[PDB]
Amino acid sequence: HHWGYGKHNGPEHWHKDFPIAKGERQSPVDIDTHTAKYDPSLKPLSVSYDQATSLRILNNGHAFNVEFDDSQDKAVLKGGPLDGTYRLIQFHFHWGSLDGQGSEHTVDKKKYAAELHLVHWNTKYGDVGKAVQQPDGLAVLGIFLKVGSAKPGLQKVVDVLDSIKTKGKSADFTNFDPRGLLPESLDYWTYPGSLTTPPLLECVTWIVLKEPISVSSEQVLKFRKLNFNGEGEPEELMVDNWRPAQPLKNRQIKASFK
Ligand SMILES: NS(=O)(=O)c1ccc(C(=O)NCc2cc(F)c(F)c(F)c2)cc1
Ligand SMILES: NS(=O)(=O)c1ccc(C(=O)NCc2cc(F)c(F)c(F)c2)cc1
Ligand SMILES: [Hg+2]
Ligand SMILES: [Zn+2]
């Protein structure tokens with residue numbers, strides 16, 4: 001009665017309502033490190049998050065989004081394979097019920113515990129609504145999470161999850177610094193793709209970081225305690241909200257490093 005990740009409304013069914021699901025530039029994809037083309041013309045990424053203004057965190061029934069004020073060029077992404085300035089609008093995660101799965105993208109078929117997506121829209125389009133209608137409208141920075149040591153910068157997010165346990169719940173979330181979620185290196189792979197959830201619009205330039213960040217078992221456990229359902233409805237734990245790898249088709253994955 002609406003898409004989800006369940007047996008009856010999961011990824012295998014999305015194509016019925018969103019035919020683009022079987023499109024030419026769908027995400028995520030498997031990154032085969034041996035076939036990725038090192039491209040020397042790729043410029044380094046420019047991540048300027050020092051003026052980032054987070055405002056709210058909400059459980060939307062599919063994942064939890066941390067939203068940022070994108071009214072001005074406060075937190076932007078430029079450089080890399082990008083042409084123009086991209087403003088950060090929100091970030092969310094995809095994760096699994098077990099540590100051996102959770103990521104959307106895979107590297108040489110290897111799945112990580114989770115995947116962080118920092119969503120940005122191209123400023124030349126005026127608003128996000130217009131950007132999703134363009135081939136280069138969005139830029140998503142993907143970061144893999146592996147279970148190991150705790151990530152201090154992630155704890156503030158972890159602590160607030162209790163207040164947004166169910167669908168539709170939101171909590172004020174100001175003064176969060178997204179710089180605390182970045183790995184040391186900004187080396188990346190890039191390819192043209194799409195949103196990984198319906199409407200599955202093919203308007204995204206994907207930039208997937210090579211270096212994952214570590215999070216503790218305890219930190220990822222808290223993600224698994226969220227609910228897909230709203231208050232008063234049957235409880236369904238929010239886990240495995242990831243889409244399986246899609247055919248690469250006529251696309252080439254470029255790498256910024258040798
Ligand atoms: N400036 S703000 O904090 O008041 C604000 C925050 C989030 C959104 C939003 O998520 N729209 C949906 C949405 C988000 C995306 F990231 C997209 F790519 C998209 F197409 C639609 C809009 C405004
Ligand atoms: N996991 S990910 O990075 O690929 C991803 C990022 C953002 C969104 C999103 O904003 N959906 C809202 C939304 C509502 C609409 F009505 C739209 F038209 C639209 F494009 C997006 C979905 C997936
Ligand atoms: Hg598009
Ligand atoms: Zn995502």
# chains A, B, ... in the order shown; residues from 1 in each chain; ligands from 1
>>> closest_atom_pairs(of="chain A", to="ligand 1", cutoff="6 Å", atoms="only C-alpha atoms and all ligand atoms", output="tab-separated table")
residue	atom	partner	partner_atom_place_in_ligand_line	distance
A:67	CA	ligand 1	6 (C)	4.8
A:68	CA	ligand 1	3 (O)	4.6
A:69	CA	ligand 1	1 (N)	4.1
A:70	CA	ligand 1	1 (N)	4.7
A:71	CA	ligand 1	1 (N)	5.9
A:89	CA	ligand 1	16 (F)	5.5
A:90	CA	ligand 1	16 (F)	5.6
A:119	CA	ligand 1	16 (F)	5.3
A:128	CA	ligand 1	20 (F)	5.4
A:129	CA	ligand 1	20 (F)	5.7
A:132	CA	ligand 1	20 (F)	5.3
>>> write_last_selection(atoms="N, CA and C atoms", output="PDB file, in the first residue's frame")
ATOM      1  N   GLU A  67      18.164  16.989   8.703  1.00  0.00           N
ATOM      2  CA  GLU A  67      18.003  18.062   7.729  1.00  0.00           C
ATOM      3  C   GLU A  67      18.833  19.303   8.063  1.00  0.00           C
ATOM      4  N   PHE A  68      19.294  19.980   7.014  1.00  0.00           N
ATOM      5  CA  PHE A  68      20.112  21.173   7.136  1.00  0.00           C
ATOM      6  C   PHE A  68      19.447  22.343   6.449  1.00  0.00           C
ATOM      7  N   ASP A  69      19.770  23.546   6.893  1.00  0.00           N
ATOM      8  CA  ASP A  69      19.252  24.761   6.273  1.00  0.00           C
ATOM      9  C   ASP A  69      20.033  24.945   4.958  1.00  0.00           C
ATOM     10  N   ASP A  70      19.339  24.877   3.825  1.00  0.00           N
ATOM     11  CA  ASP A  70      19.977  25.036   2.520  1.00  0.00           C
ATOM     12  C   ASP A  70      19.523  26.315   1.805  1.00  0.00           C
ATOM     13  N   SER A  71      19.133  27.329   2.575  1.00  0.00           N
ATOM     14  CA  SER A  71      18.664  28.601   2.011  1.00  0.00           C
ATOM     15  C   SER A  71      19.816  29.440   1.456  1.00  0.00           C
ATOM     16  N   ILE A  89      21.574  19.174   1.843  1.00  0.00           N
ATOM     17  CA  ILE A  89      20.191  19.338   2.288  1.00  0.00           C
ATOM     18  C   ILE A  89      19.849  18.359   3.425  1.00  0.00           C
ATOM     19  N   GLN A  90      20.362  17.132   3.337  1.00  0.00           N
ATOM     20  CA  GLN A  90      20.127  16.130   4.378  1.00  0.00           C
ATOM     21  C   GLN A  90      21.085  14.942   4.286  1.00  0.00           C
ATOM     22  N   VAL A 119      23.319  14.045   1.042  1.00  0.00           N
ATOM     23  CA  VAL A 119      22.596  14.490  -0.133  1.00  0.00           C
ATOM     24  C   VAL A 119      22.730  15.973  -0.413  1.00  0.00           C
ATOM     25  N   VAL A 128      15.422  22.188  -4.686  1.00  0.00           N
ATOM     26  CA  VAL A 128      15.600  20.746  -4.844  1.00  0.00           C
ATOM     27  C   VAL A 128      14.612  20.153  -5.804  1.00  0.00           C
ATOM     28  N   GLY A 129      13.385  20.663  -5.782  1.00  0.00           N
ATOM     29  CA  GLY A 129      12.358  20.159  -6.683  1.00  0.00           C
ATOM     30  C   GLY A 129      12.760  20.213  -8.151  1.00  0.00           C
ATOM     31  N   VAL A 132      15.891  17.652  -9.058  1.00  0.00           N
ATOM     32  CA  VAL A 132      15.598  16.230  -9.300  1.00  0.00           C
ATOM     33  C   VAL A 132      15.114  15.930 -10.718  1.00  0.00           C
TER      34      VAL A 132
END
>>> residues_around(residues="residue 159 in chain A", least_positions_apart="5", cutoff="12 Å", atoms="only C-alpha atoms", output="ChimeraX atom specification")
/A:57,152-154,164-165,171,173,218-223
>>> residues_around(residues="range 139-150 of chain A", least_positions_apart="5", cutoff="6 Å", atoms="only C-alpha atoms", output="PDB file with C-alpha atoms, in the first residue's frame")
ATOM      1  CA  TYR A 112      29.625  -3.072   4.820  1.00  0.00           C
ATOM      2  CA  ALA A 113      27.548  -2.727   8.012  1.00  0.00           C
ATOM      3  CA  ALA A 114      25.919   0.475   6.795  1.00  0.00           C
ATOM      4  CA  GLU A 115      26.223   3.358   4.368  1.00  0.00           C
ATOM      5  CA  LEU A 116      25.961   7.110   5.011  1.00  0.00           C
ATOM      6  CA  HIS A 117      24.496   9.300   2.265  1.00  0.00           C
ATOM      7  CA  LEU A 118      25.100  13.080   2.337  1.00  0.00           C
ATOM      8  CA  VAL A 119      22.596  14.490  -0.133  1.00  0.00           C
ATOM      9  CA  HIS A 120      23.345  17.687  -2.064  1.00  0.00           C
ATOM     10  CA  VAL A 204      22.537  11.703  -9.221  1.00  0.00           C
ATOM     11  CA  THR A 205      26.279  11.972  -9.507  1.00  0.00           C
ATOM     12  CA  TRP A 206      27.548   9.430  -7.029  1.00  0.00           C
ATOM     13  CA  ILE A 207      30.808  10.047  -5.156  1.00  0.00           C
ATOM     14  CA  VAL A 208      31.678   7.035  -3.003  1.00  0.00           C
ATOM     15  CA  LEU A 209      34.614   7.403  -0.627  1.00  0.00           C
ATOM     16  CA  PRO A 212      35.167   3.706   5.466  1.00  0.00           C
ATOM     17  CA  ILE A 213      34.575   5.084   8.937  1.00  0.00           C
ATOM     18  CA  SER A 214      34.423   2.800  11.984  1.00  0.00           C
ATOM     19  CA  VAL A 215      31.507   2.722  14.387  1.00  0.00           C
ATOM     20  CA  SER A 216      31.063   0.544  17.439  1.00  0.00           C
ATOM     21  CA  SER A 217      28.773  -2.431  17.662  1.00  0.00           C
TER      22      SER A 217
END
>>> residues_around(residues="range 50-52 of chain A", least_positions_apart="5", cutoff="7 Å", atoms="only C-alpha atoms", output="list in words")
residues 74, 75 and 177 of chain A
>>> residues_around(residues="residue 251 in chain A", least_positions_apart="6", cutoff="8 Å", atoms="only C-alpha atoms", output="PyMOL selection string")
chain A and resi 25+191-192
>>> residues_near_ligand(ligand="ligand 3", cutoff="9 Å", atoms="only C-alpha atoms and all ligand atoms", output="count of residues only")
14
>>> closest_residue(among="A:7, A:190, A:233, A:91", to="residue 55 in chain A", atoms="only C-alpha atoms")
A:91
>>> select_by_dssp(residues="range 45-203 of chain A", states="alpha helix (DSSP H)", output="JSON, numbers by chain")
{"A": [128, 129, 130, 131, 155, 156, 157, 158, 159, 160]}
>>> write_last_selection(atoms="C-alpha atoms", output="PDB file, in the first residue's frame")
ATOM      1  CA  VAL A 128      15.600  20.746  -4.844  1.00  0.00           C
ATOM      2  CA  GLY A 129      12.358  20.159  -6.683  1.00  0.00           C
ATOM      3  CA  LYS A 130      13.822  21.466  -9.948  1.00  0.00           C
ATOM      4  CA  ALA A 131      17.171  19.733  -9.396  1.00  0.00           C
ATOM      5  CA  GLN A 155      27.233   9.630  19.167  1.00  0.00           C
ATOM      6  CA  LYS A 156      25.127  12.801  19.173  1.00  0.00           C
ATOM      7  CA  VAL A 157      22.947  11.189  16.486  1.00  0.00           C
ATOM      8  CA  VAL A 158      22.831   7.893  18.366  1.00  0.00           C
ATOM      9  CA  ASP A 159      21.634   9.571  21.600  1.00  0.00           C
ATOM     10  CA  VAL A 160      18.614  11.240  20.005  1.00  0.00           C
TER      11      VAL A 160
END
>>> select_by_dssp(residues="range 81-111 of chain A", states="strand (DSSP E)", output="list in words")
residues 86, 87, 88, 89, 90, 91, 92, 93, 94, 95, 106 and 107 of chain A
>>> write_last_selection(atoms="N, CA and C atoms", output="compact mmCIF listing (two decimals), in the first residue's frame")
# COMPACT_ATOMS: atom_id res chain seq x y z
N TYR A 86 27.14 22.62 -4.99
CA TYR A 86 26.10 21.77 -4.46
C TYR A 86 25.92 22.01 -2.95
N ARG A 87 24.68 22.31 -2.54
CA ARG A 87 24.32 22.54 -1.13
C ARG A 87 23.81 21.28 -0.42
N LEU A 88 24.29 21.06 0.79
CA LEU A 88 23.88 19.91 1.58
C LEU A 88 22.45 20.15 2.04
N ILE A 89 21.57 19.17 1.84
CA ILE A 89 20.19 19.34 2.29
C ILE A 89 19.85 18.36 3.43
N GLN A 90 20.36 17.13 3.34
CA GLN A 90 20.13 16.13 4.38
C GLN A 90 21.09 14.94 4.29
N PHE A 91 21.21 14.19 5.38
CA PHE A 91 22.00 12.97 5.37
C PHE A 91 21.18 11.90 6.10
N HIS A 92 21.39 10.64 5.72
CA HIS A 92 20.69 9.49 6.29
C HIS A 92 21.59 8.28 6.10
N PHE A 93 21.18 7.16 6.68
CA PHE A 93 21.95 5.92 6.60
C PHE A 93 21.08 4.79 6.10
N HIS A 94 21.74 3.73 5.66
CA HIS A 94 21.08 2.50 5.24
C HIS A 94 21.88 1.52 6.10
N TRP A 95 21.22 0.53 6.69
CA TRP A 95 21.93 -0.42 7.53
C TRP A 95 21.25 -1.78 7.56
N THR A 106 28.62 -1.85 -2.92
CA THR A 106 29.50 -2.91 -2.45
C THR A 106 30.81 -2.68 -3.18
N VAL A 107 31.90 -3.16 -2.61
CA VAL A 107 33.21 -3.01 -3.24
C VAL A 107 33.69 -4.43 -3.47
>>> closest_residue(among="A:46, A:72, A:166, A:59", to="residue 229 in chain A", atoms="only C-alpha atoms")
A:166
>>> atom_distance(atom1="CA of residue 193 in chain A", atom2="CA of residue 8 in chain A")
25.5 Å
>>> closest_residue(among="A:42, A:161, A:63, A:237", to="ligand 4", atoms="only C-alpha atoms and all ligand atoms")
A:63
>>> residues_around(residues="residue 47 in chain A", least_positions_apart="3", cutoff="10 Å", atoms="only C-alpha atoms", output="MDAnalysis selection string")
chainID A and resid 44 50 75:80 86 179 182 186
